[PDB]
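Below, in structure tokens: the form deposited in one PDB entry, a single chain.
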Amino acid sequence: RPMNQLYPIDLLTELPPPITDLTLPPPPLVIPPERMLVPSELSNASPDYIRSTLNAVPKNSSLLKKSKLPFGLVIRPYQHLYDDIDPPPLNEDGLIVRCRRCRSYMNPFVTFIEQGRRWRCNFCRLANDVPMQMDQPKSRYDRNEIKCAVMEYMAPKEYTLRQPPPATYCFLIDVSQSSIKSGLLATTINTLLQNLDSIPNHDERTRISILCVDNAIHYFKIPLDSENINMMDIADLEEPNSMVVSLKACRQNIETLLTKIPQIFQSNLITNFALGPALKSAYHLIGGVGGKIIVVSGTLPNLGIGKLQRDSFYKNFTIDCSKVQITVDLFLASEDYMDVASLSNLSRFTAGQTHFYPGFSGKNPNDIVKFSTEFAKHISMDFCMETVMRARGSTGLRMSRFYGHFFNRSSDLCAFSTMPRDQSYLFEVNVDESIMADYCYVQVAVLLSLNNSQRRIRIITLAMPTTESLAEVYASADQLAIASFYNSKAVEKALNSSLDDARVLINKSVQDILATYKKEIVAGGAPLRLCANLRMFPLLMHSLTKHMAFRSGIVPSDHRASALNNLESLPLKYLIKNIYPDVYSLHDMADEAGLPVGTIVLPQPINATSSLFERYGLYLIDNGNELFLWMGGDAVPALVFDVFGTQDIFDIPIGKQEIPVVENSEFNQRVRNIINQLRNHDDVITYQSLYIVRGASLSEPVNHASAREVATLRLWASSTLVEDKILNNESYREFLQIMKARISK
């Protein structure tokens, strides 16, 4: 058969690294048309929904342990923030063919035997009876479950215990003093105000609630607009109708309230924020049906249960939440310590998310922009409720570990009180008994309640060839999936053992492989051998160690936790970019680059090293978190002009600021063009701030104050070019050399 072939390469001969590989699709899934009932591209699972670290599964345990390649699944149920974009095919008839034993769903890999009267399950080979209903002007072969790997169903009454819930939101807002002065409150209110129609309300049932919190928990009763403020304070921290209201039936009132709030706590001098008590208050407010508690704050919990200092009550809160289908989202914004490492556990185990805004301050018109944009996109995001996800494996395969935000205790079942759209997940697969067939399969199932009062089941079926050839296992390895696997292993090792252990683990993943390929595969001199499809793995793991999440050296507690929270839940495509940045060479940009083809054309990316940063060029760095506009100190006044308006390069805007519009400068338009293209994503809420940094010249003048402020930028931006030597960490070139030295005799 067409089993992918091993393409040997010398890593030492590919420097700088062929970073264009980061954008290639993983190795093909070698499955002949016969194993598929209706051969099409849509017949096997796409990499956008599921990616196995191995697309040529070892036929037995001893061969997997020998490869030293991990067996895991990068699973992403949804592909966009809004469900109306590129949805999978939807079934409505209600017929759900499922194996009597393993309970797997009908899929493109089942086999119809005996006059197509009965079907043999591809997961457990059991003979099942074909419902006569499977033949009602079309045949059984026109049904999605048989045509597609990725499809969805309208769940019958027996997949729901209670009636689908309305999307419910409870905004737990920090009205303490730190919040007034920073403007977080204003910005938060204003944003809700500007997006009350952006919140999903596909069934007109969406219900909203509002809790303002300082040293007391402030509630508000909201009348139906049709029957035309009531603030209810509660200082007893040891302690429904018209509290959680219809967004449609009380629109004007909700708006009226939101407009008053800012005036109320305007002169608030209280510096208290009883998160714990507020959380429990919100809890009792929606525990009846379940929903999202969205917290916004810029003040470390300091009163009531759950208070923290420079805990575990939260970990118990999440357990309770799993009982009443509640998800918690956190927006932490302040210059002060917020203990993200600890609050992130709230979101983490409820399927929610945490977003941290270091140094937030309304005094910087650009801070507001980032927080507001992300917050708005966040509340506009579609989500499910009462969802549970499980991955079934064909005979011999077993799901052992589960990573990502969600609740999972001692099962192969992950519970999502609400399943967001912007995260990704990962399952470790084990191979117990030896596989007999030439194919093994994995089927992910999602029993959900959409935000349209509907009960659905989304299925993802993946078929992979089996093999006893080590060479073959390697040739079909998904470097980006594998990288992801170890990224998670690293987050665990750290958040549970130690940072150094993490690095040690990351570097070993690369050694074990380079060592394994060497001894188990067979003229030249002294090269570092590896196959082409894994040619970016060493670079990624190495680059990973320089990431703010695993770095050696000093990194503030909040920033570190934040970095770790993001890496563990980010979608593959954004994870790789966060580890290795897209860098663009602007001054010698191609004429198409910067202009449309309303989608703009971007230049080709250049390696992440300062060796390419000519001292007279223009570079833009995108690390998924921010954008860095670096302009060489020796920039010709002409270039300096086309971008900022002046010829004086020492007059340029510094720090976190946007690029001014320079009229009659097609170049200024192309730059601004590219920036905005890098900011438009329909699958993440991320709003990347721009940091403008000035390189150093041969004749650099006197500005002692700036010197400090600027040295920080050149430093920060410099630390992004992960191929370079940085501090006590070696360059990528050296990294490769060090590895050659270790796998030798």
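Note that residue numbering begins at 1 and tracks the sequence as displayed.
The same protein also has a form deposited with a partner chain bound, omitted here; what follows describes it.
A.B. asks: Is its partner chain close enough to 482, 731 and 735 in the deposited complex that each of the three has a heavy atom within 4.5 Å of it?
C.D. replies: Looking in the deposited complex, the three residues 482, 731 and 735 all stay beyond 4.5 Å of its partner chain (heavy atoms).
A.B. asks: Just to be sure I understand the contacts: of 337, 650, 82, 141, which is the one whose heavy atoms reach within 4.5 angstroms of its partner chain in the deposited complex?
C.D. replies: Of 337, 650, 82, 141, the residue with a heavy atom within 4.5 Å of its partner chain in the deposited complex is 337.
A.B. asks: So which of 428, 642, 558, 382 reaches within 4.5 angstroms of its partner chain in the deposited complex, heavy atom to heavy atom?
C.D. replies: Among 428, 642, 558, 382, a heavy atom within 4.5 Å of its partner chain in the deposited complex occurs only for 558.
A.B. asks: Quick one: is residue 715 in contact with its partner chain in the deposited complex, heavy atoms, 4.5 Å cut-off?
C.D. replies: It does: once its partner chain is placed as it appears in the deposited complex, residue 715 has a heavy atom within 4.5 Å of it.
A.B. asks: Can any non-hydrogen atom of residue 563 be found within 4.5 angstroms of its partner chain in the deposited complex?
C.D. replies: Taking the distances in the deposited complex, the answer for residue 563 is no, it never comes within 4.5 Å of its partner chain.
A.B. asks: May I ask you to check whether residue 613 falls inside a 4.5 Å heavy atom distance of its partner chain in the deposited complex?
C.D. replies: No, residue 613 stays farther than 4.5 Å from its partner chain in the deposited complex.
A.B. asks: Given that the partner is absent here, does residue 656 sit within 4.5 Å of its partner chain in the deposited complex, heavy atoms only?
C.D. replies: Yes, residue 656 lies within 4.5 Å of its partner chain in the deposited complex.
A.B. asks: Sort through 678 to 686, 52 to 60, 706 to 714, 66 to 74 and report the only stretch with a non-hydrogen atom within 4.5 Å of its partner chain in the deposited complex.
C.D. replies: Every other range fails; the passing one is 706 to 714.
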